[PDB]
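Structure record follows, encoded as structure tokens.
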Amino acid sequence: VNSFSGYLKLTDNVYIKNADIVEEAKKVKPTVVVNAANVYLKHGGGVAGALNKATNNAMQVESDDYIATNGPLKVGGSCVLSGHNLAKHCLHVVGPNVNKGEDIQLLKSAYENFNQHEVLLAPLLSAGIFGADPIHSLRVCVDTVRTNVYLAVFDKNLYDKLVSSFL
Ligand SMILES: CC(=O)Nc1ccc(C(=O)O)cc1
């Protein structure tokens with residue numbers, strides 16, 4: 001038993017809810033919140049801008065030190081940093097950005113990072129301003145992630161379409 005409430009069960013291990021990933025993290029304080037990162041960990045908009053704003057920019061300060069030391073992530077890759085006031089840890093995962101021409105086949109590699117963590121609160125990778133089809137992103141999630149993932153879909157209209165079209 002865990003602290004997640006109000007989720008619809010899609011599979012043995014995947015759950016979904018219409019919720020803002022920021023408000024959900026603040027309420028649950030999960031072990032792991034996933035950020036929809038880019039390779040530079042420049043948290044400007046969407047999940048990353050919203051998560052970073054909720055940390056009063058501490059996520060960005062930590063991220064800049066990480067990049068100064070390690071260089072950029074790979075598309076499909078991840079790093080574990082602090083969760084600040086939102087979670088124990090933040091798993092920053094880079095899905096391909098369709099609006100930059102990145103290979104959508106890298107979405108499966110991106111979701112494979114989630115398997116290193118027993119439970120996660122996450123957004124749909126490569127959705128929203130990353131330009132991928134969210135229905136596709138949910139299918140890859142279900143077919144790739146084997147650990148317990150609690151998906152927060154911000155858009156109510158999209159949430160209803162994801163549920164009603166789910167195979
Ligand atoms: C404030 C705010 O922008 N929140 C969010 C939450 C989730 C997403 C997303 O999943 O794309 C985008 C934006």
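Ligands are numbered from 1 in the order shown, chains are lettered A, B, ... in the order of the structure tokens, and residues start at 1 in each chain.
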Might you pull out every residue within 9 Å of residue 129 of chain A, with only C-alpha atoms counted and same-chain residues fewer than 5 positions away left off, and present them as a PDB file with C-alpha atoms, in the first residue's frame?
ATOM      1  CA  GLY A  45       8.262  25.484 -19.363  1.00  0.00           C
ATOM      2  CA  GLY A  46       5.851  22.581 -19.016  1.00  0.00           C
ATOM      3  CA  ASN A  97      11.494  16.462 -28.533  1.00  0.00           C
ATOM      4  CA  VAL A  98       9.580  16.035 -31.857  1.00  0.00           C
ATOM      5  CA  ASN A  99       9.631  19.888 -32.241  1.00  0.00           C
TER       6      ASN A  99
END
Discussion item. For ligand 1, return the neighbouring residues as a PyMOL selection string (distance at most 8 Å; only C-alpha atoms and all ligand atoms).
Written reply: chain A and resi 19-22+36+45-51+123-125+127-129+152-155
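Of the residues under consideration (A:29, A:100, A:88, A:42), A:42 shows the shortest atom-to-atom contact distance to residue 73 of chain A when counting only C-alpha atoms.
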Discussion item. Quick one: residues within 8 Å of residue 7 of chain A, only C-alpha atoms, excluding same-chain residues fewer than 6 positions away - as a PyMOL selection string?
Written reply: chain A and resi 15-17+150
Discussion item. Could you go through segment 25-84 of chain A and tell me which residues DSSP, when run on the backbone, assigns to strand (DSSP E or B), listing them as a PyMOL selection string?
Written reply: chain A and resi 32-36+78-82
Could the residues in this selection be saved with N, CA, C and O atoms as a PDB file, in the first residue's frame?
ATOM      1  N   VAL A  32      10.150   9.349  -5.675  1.00  0.00           N
ATOM      2  CA  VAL A  32      10.668   9.803  -6.995  1.00  0.00           C
ATOM      3  C   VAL A  32       9.570  10.548  -7.734  1.00  0.00           C
ATOM      4  O   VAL A  32       8.509   9.972  -7.995  1.00  0.00           O
ATOM      5  N   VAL A  33       9.849  11.775  -8.127  1.00  0.00           N
ATOM      6  CA  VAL A  33       9.054  12.496  -9.133  1.00  0.00           C
ATOM      7  C   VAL A  33       9.894  12.554 -10.404  1.00  0.00           C
ATOM      8  O   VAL A  33      11.118  12.849 -10.324  1.00  0.00           O
ATOM      9  N   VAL A  34       9.314  12.289 -11.550  1.00  0.00           N
ATOM     10  CA  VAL A  34       9.985  12.394 -12.850  1.00  0.00           C
ATOM     11  C   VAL A  34       9.761  13.787 -13.395  1.00  0.00           C
ATOM     12  O   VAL A  34       8.651  14.271 -13.470  1.00  0.00           O
ATOM     13  N   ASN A  35      10.873  14.391 -13.847  1.00  0.00           N
ATOM     14  CA  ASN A  35      10.844  15.638 -14.638  1.00  0.00           C
ATOM     15  C   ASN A  35      10.990  15.348 -16.110  1.00  0.00           C
ATOM     16  O   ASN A  35      11.789  14.473 -16.500  1.00  0.00           O
ATOM     17  N   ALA A  36      10.204  16.026 -16.913  1.00  0.00           N
ATOM     18  CA  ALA A  36      10.343  16.053 -18.372  1.00  0.00           C
ATOM     19  C   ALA A  36      11.454  17.010 -18.782  1.00  0.00           C
ATOM     20  O   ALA A  36      11.212  18.165 -19.126  1.00  0.00           O
ATOM     21  N   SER A  78      18.933   9.998 -18.404  1.00  0.00           N
ATOM     22  CA  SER A  78      18.391  10.516 -17.152  1.00  0.00           C
ATOM     23  C   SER A  78      19.506  10.800 -16.179  1.00  0.00           C
ATOM     24  O   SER A  78      20.602  10.235 -16.306  1.00  0.00           O
ATOM     25  N   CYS A  79      19.168  11.508 -15.157  1.00  0.00           N
ATOM     26  CA  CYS A  79      19.994  11.602 -13.941  1.00  0.00           C
ATOM     27  C   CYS A  79      19.107  11.760 -12.744  1.00  0.00           C
ATOM     28  O   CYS A  79      17.954  12.260 -12.884  1.00  0.00           O
ATOM     29  N   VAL A  80      19.576  11.336 -11.589  1.00  0.00           N
ATOM     30  CA  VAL A  80      18.887  11.481 -10.309  1.00  0.00           C
ATOM     31  C   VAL A  80      19.442  12.676  -9.579  1.00  0.00           C
ATOM     32  O   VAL A  80      20.663  12.707  -9.336  1.00  0.00           O
ATOM     33  N   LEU A  81      18.621  13.631  -9.244  1.00  0.00           N
ATOM     34  CA  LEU A  81      18.996  14.778  -8.416  1.00  0.00           C
ATOM     35  C   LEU A  81      18.032  14.898  -7.234  1.00  0.00           C
ATOM     36  O   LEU A  81      17.099  14.075  -7.081  1.00  0.00           O
ATOM     37  N   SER A  82      18.181  15.931  -6.459  1.00  0.00           N
ATOM     38  CA  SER A  82      17.273  16.161  -5.349  1.00  0.00           C
ATOM     39  C   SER A  82      15.840  16.356  -5.812  1.00  0.00           C
ATOM     40  O   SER A  82      15.603  16.977  -6.820  1.00  0.00           O
TER      41      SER A  82
END
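One finds atom CA of residue 96 of chain A at 20.0 Å from atom CA of residue 158 of chain A.
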Item to complete: Go through A:39, A:106, A:14, A:1 and flag the residue nearest residue 138 of chain A, using only C-alpha atoms for the distances.
Response: A:14
Item to complete: Apply DSSP to the backbone of this structure and, from segment 2-36 of chain A, keep only the residues in alpha helix (DSSP H); write these as a ChimeraX atom specification.
Response: /A:21-28
Could you please take those selected residues and save N, CA, C and O atoms as an mmCIF file, in the first residue's frame?
data_model
loop_
_atom_site.group_PDB
_atom_site.id
_atom_site.type_symbol
_atom_site.label_atom_id
_atom_site.label_comp_id
_atom_site.auth_asym_id
_atom_site.auth_seq_id
_atom_site.Cartn_x
_atom_site.Cartn_y
_atom_site.Cartn_z
ATOM 1 N N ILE A 21 1.094 17.458 -11.984
ATOM 2 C CA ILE A 21 2.269 16.772 -11.363
ATOM 3 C C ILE A 21 2.899 17.613 -10.199
ATOM 4 O O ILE A 21 3.408 16.962 -9.299
ATOM 5 N N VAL A 22 2.784 18.972 -10.137
ATOM 6 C CA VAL A 22 3.338 19.830 -9.055
ATOM 7 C C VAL A 22 2.520 19.670 -7.764
ATOM 8 O O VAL A 22 3.079 19.468 -6.683
ATOM 9 N N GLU A 23 1.185 19.780 -7.892
ATOM 10 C CA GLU A 23 0.257 19.694 -6.735
ATOM 11 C C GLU A 23 0.255 18.265 -6.203
ATOM 12 O O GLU A 23 0.238 18.088 -4.985
ATOM 13 N N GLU A 24 0.352 17.289 -7.091
ATOM 14 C CA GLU A 24 0.412 15.889 -6.681
ATOM 15 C C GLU A 24 1.687 15.607 -5.881
ATOM 16 O O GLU A 24 1.674 14.954 -4.825
ATOM 17 N N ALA A 25 2.825 16.126 -6.353
ATOM 18 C CA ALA A 25 4.109 15.935 -5.653
ATOM 19 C C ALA A 25 4.041 16.607 -4.275
ATOM 20 O O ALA A 25 4.427 15.983 -3.271
ATOM 21 N N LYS A 26 3.545 17.834 -4.246
ATOM 22 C CA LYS A 26 3.436 18.580 -2.961
ATOM 23 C C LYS A 26 2.594 17.828 -1.933
ATOM 24 O O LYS A 26 2.995 17.819 -0.771
ATOM 25 N N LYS A 27 1.541 17.149 -2.367
ATOM 26 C CA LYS A 27 0.597 16.425 -1.471
ATOM 27 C C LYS A 27 1.223 15.092 -1.060
ATOM 28 O O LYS A 27 1.259 14.812 0.160
ATOM 29 N N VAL A 28 1.717 14.290 -2.003
ATOM 30 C CA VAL A 28 2.217 12.913 -1.770
ATOM 31 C C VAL A 28 3.649 12.901 -1.229
ATOM 32 O O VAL A 28 3.976 12.029 -0.449
#
